[PDB]
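Computed over heavy atoms, backbone and side chain alike; hydrogens, waters and symmetry mates excluded. If you read the sequence from its start, that first residue is 1, and numbering goes on from there.
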Amino acid sequence: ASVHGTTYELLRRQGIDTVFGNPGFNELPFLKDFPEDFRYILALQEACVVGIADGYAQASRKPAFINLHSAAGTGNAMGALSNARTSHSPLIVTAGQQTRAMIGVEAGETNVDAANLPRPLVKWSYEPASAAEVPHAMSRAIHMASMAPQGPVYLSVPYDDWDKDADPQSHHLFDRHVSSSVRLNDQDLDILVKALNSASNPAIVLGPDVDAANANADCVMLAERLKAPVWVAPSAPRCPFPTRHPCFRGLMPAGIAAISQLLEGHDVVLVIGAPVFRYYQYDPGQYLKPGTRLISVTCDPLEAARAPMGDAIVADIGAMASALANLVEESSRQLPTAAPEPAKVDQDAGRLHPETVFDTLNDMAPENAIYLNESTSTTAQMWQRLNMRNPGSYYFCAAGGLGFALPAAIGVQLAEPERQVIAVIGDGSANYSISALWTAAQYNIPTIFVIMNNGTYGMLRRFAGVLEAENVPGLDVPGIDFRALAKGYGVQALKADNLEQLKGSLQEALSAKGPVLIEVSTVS
Ligand SMILES: Cc1ncc(C[n+]2csc(CCOP(=O)(O)OP(=O)(O)O)c2C)c(N)n1
Ligand SMILES: [Mg+2]
């Protein structure tokens with residue numbers, strides 16, 4: 001058996017059947033003789049390849065396999081990998097290297113010091129010392145990606161390795177199963193349970209790791225039993241709780257003072273699957289007010305170490321959520337009251353307020369719709385106005401890198417064919433990974449793309465204000481025709497210059513057999 005044959009057998013055996021890629025010289029000996037049980041998903045730029053794999057991985061809650069071309073291909077995907085690091089996305093990033101005999105002279109397409117390139121974004125990076133080590137290197141890649149805390153890994157393979165004889169001993173890798181489904185020991189778990197049972201005014205904060213583990217339901221049961229209000233942690237890359245549930249308090253503001261104020265009065269704050277905290281704006285103050293103690297459950301040692309306050313437990317979010325939900329007592333406390341219904345804003349028959357767009361989407365979209373956000377100035381309004389009852393219903397770039405949602409929406413739609421994906425993307429954001437559209441068209445992945453066209457980098461103008469930053473150049477993006485871009489890449493394009501045009505376009509897009517892009521003329 002060749003290294004080619006053995007690697008594809010290992011991928012097969014580890015449950016991988018999809019290659020997200022953009023091909024190159026160095027990848028031809030990998031991609032040739034492409035097995036019938038695999039599918040190749042081509043994107044036109046490596047940001048878009050990784051974005052699609054990333055969405056695919058997060059929705060399927062399984063590793064996604066990527067093949068890129070050397071330094072240039074790997075480099076083009078670096079922004080995407082930044083998002084993948086923070087989302088703990090299980091991505092196997094493979095890249096072809098020049099033939100072993102030509103690495104020394106640095107022939108064209110040589111990836112120099114290959115393993116250092118993706119650092120520090122990946123959890124593991126590697127170039128095998130020999131062709132016969134490639135399957136073992138791939139096994140390490142798979143498990144390093146899949147073990148908590150999950151994350152992107154990188155493997156560089158000299159193109160001449162694939163044709164070589166594999167080690168017959170490589171067969172022991174095929175069915176390797178590694179488990180990170182661990183929870184705190186009974187003694188320390190009973191202590192934690194007894195502290196939640198005893199809390200006067202408990203508060204729960206959930207991060208993306210809850211949605212990643214599908215711990216949503218256990219957290220709902222946990223919140224019901226403790227009769228406790230629930231927030232999603234700041235800069236939320238995913239939605240870990242039903243947003244119209246009585247306990248839900250919404251998106252936490254990404255500020256130090258703001259969060260301590262919010263938690264004031266809460267004796268015990270339980271944070272699950274979230275960094276403590278992903279602060280964004282400089283909001284100096286106390287991390288916690290007196291009388292509030294914090295306990296953080298995280299699957300990431302880095303997040304436990306980084307926390308400027310509270311106690312931490314490093315464990316599987318799924319296993320811990322299940323354990324806590326089934327062990328805590330029913331509080332005699334009354335269930336928190338559901339948040340108020342959002343206000344309908346004044347809307348004329350002209351350019352649309354973001355609020356109008358989100359109200360419209362909530363009325364018209366299927367109850368199991370999946371949303372992606374890269375409309376950077378409208379995130380707060382989106383969280384308030386979209387009723388997301390089910391797991392895996394929301395995705396935002398984890399590291400805030402733009403160019404995620406458009407590709408990611410295609411990967412989510414591919415993973416969830418029976419759930420309508422609707423990506424709400426700003427006019428600025430749409431450009432970073434615009435070429436991703438071609439993939440939806442070519443593979444007939446029926447993602448709906450809603451472009452919020454305000455002519456500007458809205459969020460930067462708003463932040464310019466907060467920073468008192470005047471005469472900043474490059475904040476406006478006029479003269480972009482998103483329907484012409486969609487047509488450029490074979491995607492049906494509709495326009496919505498007003499509410500009746502929005503209602504029409506959406507009903508059309510919801511009944512379309514293919515991807516549809518709606519260009520929405522939004523205010524400001
Ligand atoms: C790769 C990358 N480049 C730049 C930024 C900085 N950035 C943050 S928000 C933003 C503006 C996005 O504009 P748009 O999608 O039109 O949404 P709006 O702010 O108008 O709602 C930019 C450029 C980033 N986060 N990532
Ligand atoms: Mg904009």
Side-chain angles (χ1 to χ4, degrees), residues 206 208 230-245 248-255 258 262 278 280-281 338-365 367 369-389 393-398 400 402 404-406 409 421-430 448-466 475 477 496-499 501-503 505-506 518-524:
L206 302 180
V230 175
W231 279 271
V232 51
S235 326
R238 298 175 63 145
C239 180
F241 207 77
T243 61
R244 292 308 177 70
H245 183 283
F248 195 66
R249 287 308 174 262
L251 181 60
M252 282 189 119
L262 260 181
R278 271 296 262 174
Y280 192 105
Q281 51 262 17
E341 210 56 45
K344 154 190 62 251
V345 299
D346 183 79
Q347 173 73 75
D348 66 10
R351 290 185 74 98
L352 291 129
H353 294 99
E355 294 89 340
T356 312
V357 180
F358 296 118
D359 292 345
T360 301
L361 279 170
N362 191 61
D363 293 341
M364 297 194 57
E367 280 183 34
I370 301 166
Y371 296 96
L372 291 88
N373 171 27
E374 216 170 268
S375 185
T376 36
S377 62
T378 65
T379 300
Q381 297 91 329
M382 186 163 190
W383 271 96
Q384 286 169 31
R385 292 164 184 286
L386 268 48
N387 188 343
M388 297 176 300
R389 306 164 164 78
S393 298
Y394 178 81
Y395 297 97
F396 172 77
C397 31
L402 297 191
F404 163 82
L406 201 164
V421 182
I422 307 177
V424 184
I425 294 139
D427 58 318
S429 291
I448 301 175
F449 305 95
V450 181
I451 312 312
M452 308 283 276
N453 185 354
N454 57 8
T456 193
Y457 289 148
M459 195 53 146
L460 298 195
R461 309 285 293 243
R462 179 190 296 166
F463 281 148
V466 166
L475 301 191
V477 286
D497 292 336
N498 59 46
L499 176 49
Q501 282 184 15
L502 179 65
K503 287 167 167 200
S505 281
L506 278 170
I518 303 167
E519 180 179 330
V520 183
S521 304
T522 61
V523 305
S524 107

Check whether any side-chain heavy atom of [X] sits under 4.5 Å from a side-chain heavy atom of [Y], and report yes or no.
X: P242; Y: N387; answer: no
X: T378; Y: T522; answer: no
X: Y457; Y: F463; answer: no
X: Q281; Y: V466; answer: no
X: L372; Y: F404; answer: yes

Would you say the side-chain atoms of [X] pair up with the backbone N or O of [Y], donor to acceptor, closer than 3.5 Å?
X: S429; Y: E374; result: yes
X: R461; Y: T456; result: no
X: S505; Y: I518; result: no
X: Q347; Y: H353; result: yes
X: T243; Y: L386; result: yes

Which pair of non-hydrogen atoms, one from [X] and one from [Y], has the smallest distance, and what is that distance?
X: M252; Y: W231; answer: CG-CB, 3.4 Å
X: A430; Y: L406; answer: O-CD1, 3.7 Å
X: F358; Y: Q381; answer: CD1-C, 4.2 Å
X: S377; Y: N454; answer: OG-ND2, 4.1 Å
X: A409; Y: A423; answer: CB-CB, 3.6 Å

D497 and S521: side-chain donor and acceptor closer than 3.5 Å?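 Judged by distance alone, the side chains do pair up.
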To the nearest 0.5 Å, tell me how far [X] [atom1] sits from [Y] [atom2].
X: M388; Y: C239; atom1: CE; atom2: SG; value: 4.0 Å
X: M364; Y: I422; atom1: CE; atom2: CD1; value: 9.0 Å
X: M452; Y: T376; atom1: CE; atom2: OG1; value: 10.5 Å
X: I425; Y: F449; atom1: CD1; atom2: CZ; value: 6.5 Å
X: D359; Y: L499; atom1: CG; atom2: CG; value: 9.5 Å
X: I370; Y: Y395; atom1: CD1; atom2: OH; value: 6.0 Å

Passing option when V520 is tested against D427, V450, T356, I451 for side chain to side chain contact (heavy atoms under 4.5 Å, CB included):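 Considering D427, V450, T356, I451, a side chain to side chain contact (heavy atoms under 4.5 Å, CB included) with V520 is found only for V450.
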Using a strict 4.0 Å threshold on nitrogen-to-oxygen distance, state whether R385 and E355 make a salt bridge.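 No, this pair does not count.
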Parallel, tilted or perpendicular for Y394 and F396, by the 30°/60° rule?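 Rings of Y394 and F396: parallel, under 30°.
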Does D363 have more than 12 heavy atoms from other residues, nucleotides or ligands lying within 6.0 Å of its CG?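 For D363, atom CG is crowded (more than 12 foreign heavy atoms under 6.0 Å).
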